[PDB]
Structures are given as structure tokens and as C-alpha cells.
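So this first bit is one chain, no partners, the form deposited in one PDB entry, shown in C-alpha cells.
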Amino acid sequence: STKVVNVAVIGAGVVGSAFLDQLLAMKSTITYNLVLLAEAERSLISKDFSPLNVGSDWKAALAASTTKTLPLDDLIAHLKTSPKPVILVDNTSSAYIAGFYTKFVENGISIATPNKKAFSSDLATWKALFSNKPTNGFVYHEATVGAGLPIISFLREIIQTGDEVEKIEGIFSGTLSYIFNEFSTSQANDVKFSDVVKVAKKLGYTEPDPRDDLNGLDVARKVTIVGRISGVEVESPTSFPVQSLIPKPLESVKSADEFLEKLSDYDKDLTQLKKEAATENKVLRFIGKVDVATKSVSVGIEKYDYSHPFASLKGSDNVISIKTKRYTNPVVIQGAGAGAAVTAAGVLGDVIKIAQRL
């Protein structure tokens, strides 16, 4: 059998931190050798190309380590000549790394990233990373959308069997759900958008700069990936309507802290829109949407009815519906769409789905 496979791990911020914690404490039949741990500059490469000497203590092990991080164009090279099968676990968000997902794979290297960029960026950078050339490596990103959830894992499959997708309506953003779930409820309140997003940054539910969340970017990217998988030819994460929540003016408003106290001047709209929603007996939710038929993708504010499940999401859960040919009655998968462990696990689970194939 093939229980010998070497793995390279880049990034160890959060989901990267949990990914490692799990990768080792992960008792399994197969054997995973972490041949290199390269964070920022301080790395932990293994020239010898055999399991490292860090164990469940990579914290300072990588810290101390008088090793400077290897250059990417040189990393793909280092690996071309490696013991047994190799894997890559890009725990980052950098577009610089994914920008080179072609080289890694074109060079057999396998990957399992939660980073969208490559899968949401170019459209020809997708019509290759998934070609049928058996010489290149594997790419698994289940954590790019579902996170710990099996959305991509499930769609791909149902597809080959022969099912055809039609629509995909869902809550793909932790931040925006938390925000909307609190701003618009069935109890009916008049909380301002400003205050909610504020409070949401205070608890660290948004990015250091909320803007990176409010512009629909993230969702827009996630939908693009799903939509593509589904069978729609989406050119880019901007090739369709994406309703940003960043006041037309305020997109550059000095600092981020200079955006919060400034944003407060534009709630008069969403509130009016929230109240009006009330007349129709509706709540406000930020959703993604892909309608295969009309090839129409779009992300923005959609108002759902109370009875509707969406209007009943706790915490920051991502919920996605998949109405297909066979599943006339849409399949609804909902759960933690964010989270250190939750997310890494989707990654670790991915790596596993690879090892079994190599």
C-alpha cells in the first residue's frame, strides 16, 4: 500500500494553527510526514526530507528555528525532488501564493487550500487546475466554501453521477450573517446598521477592517466557485451584481477607526429598507445566489419570511440550499461557516481525501 506521503505546510495563523494541532494528534492508518513548516520568514524545512523534530510543539520550535523562509519559485523546485507523494496546505489568504497554484500542480505537488483567490480569480486559471492531465497534482478546497462543511465535496460528486444543478441560495458569510441576523430580526427592533457593525468589530467578528467584509467580496468569490462547479461560466468575482454595504463615499475614509464613526451617517437607508421590510412581514439577510438556468449570479440583501429557516440562524452559521434536478426539494446544509478548528478540520479532512488517492 501507499502509507508514505510527505506534506508541506505554509501558514500557521489560525486555521493554520488548528490544522497543525490536528494533523499530528490525528491518529490514522496512513502516515503523514510534515517535511516543512514555513511561516512568514521563520520556517522549519527538512532537507533530509523526513518527518520533522517539532512534535506537538511547533510554537517556538518554528520561532527559535534559525531558518529563513524558502523562496516560492525555489520551493516548487525543492519538492520536485521529494521522497514519496507530497502535499501542500496553504493556510493563507495571499493571492501571491495561489497565483502560483499552476506551478505547484504542474509539478505533481498536491494542494488542499481554504484560500479562494485561485478558485475565484481567473477563469482560465480554473480550466487547468482541474484538467484531466494525470501528471499534475490534486487540488481540494472544501474549506473555501463549506468550511468544515462538505459543499464542494458533495456538489462535484452529485454532478458526475449526472445530476444537474439549477439554483443555489445561501448565507456564505459569517460576518454578514451575524450582522444581519442581529440588525434585522422577527422581533422587530430599530438597531442601526452602524452600531451593529461597530459591536461586531468590537467582538472581532469582522476583519480588522470591516470593509473587507462589507463589500461582498468574500461572498462574491465563494459564489463564483460554487457557481463554476455548478456549471456556470463566471468570468470573475465581479462579473455579476454584488451589493456592497460600504457607503459609496466612505470607501477610503482615512483609517478603519475613521470609518466606523463615519459610517453612522448612512443608516437612514438600510433602516428605511428594514422598516419597509416589516410591512411585507420580512427579515433582512445577505445571501449568495446562482441560478444555473439563466446563468444569473448575484450577491446582496434578500428578504426572507419568518417561517423560512434562514430567518432562524444562530451565531455565525453558513446555510446553503441546493435545488437540483433530482433534488426538486432543495438540500439544505447549514453549520459553522467559520472557525479555527471547524475550518482546519475541513482542510485536514481534505488532505486525507488526497492521501487515499495518491
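For every residue, the number given is its place in the sequence shown, counted from 1. We call the rigid core the largest set of C-alpha positions that still match within 1.5 Å between the two forms.
Set 80-88 against 183-191 and average the Cα temperature factors; 80-88 ends up higher. Look at the C-alpha B-factors of 276-284 and of 129-137. On average they run higher in 129-137.
For the set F119, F172, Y205, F259, the maximum C-alpha B-factor listed in the entry falls on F259. The PDB entry gives the largest Cα B-factor of the residues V347, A336, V9, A341 to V9.
Split the chain's modelled residues into thirds by C-alpha temperature factor. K254 is in the highest one. The deposited CA B-factor of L72 belongs to the highest third of values across its chain. Per-chain ranking of the deposited C-alpha B factor places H308 in the middle third.
In the deposited entry, the Cα temperature factor of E106 places it in the highest third of its chain's modelled residues. For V299, the recorded CA temperature factor ranks within the lowest third of the chain's modelled residues.
We do not show the form deposited in another entry, though everything after this point is about it.
For the residues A256, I158, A278, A77, superposed on the rigid core between this form and the one not shown, a C-alpha shift of 2 angstroms or more shows up only at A278.
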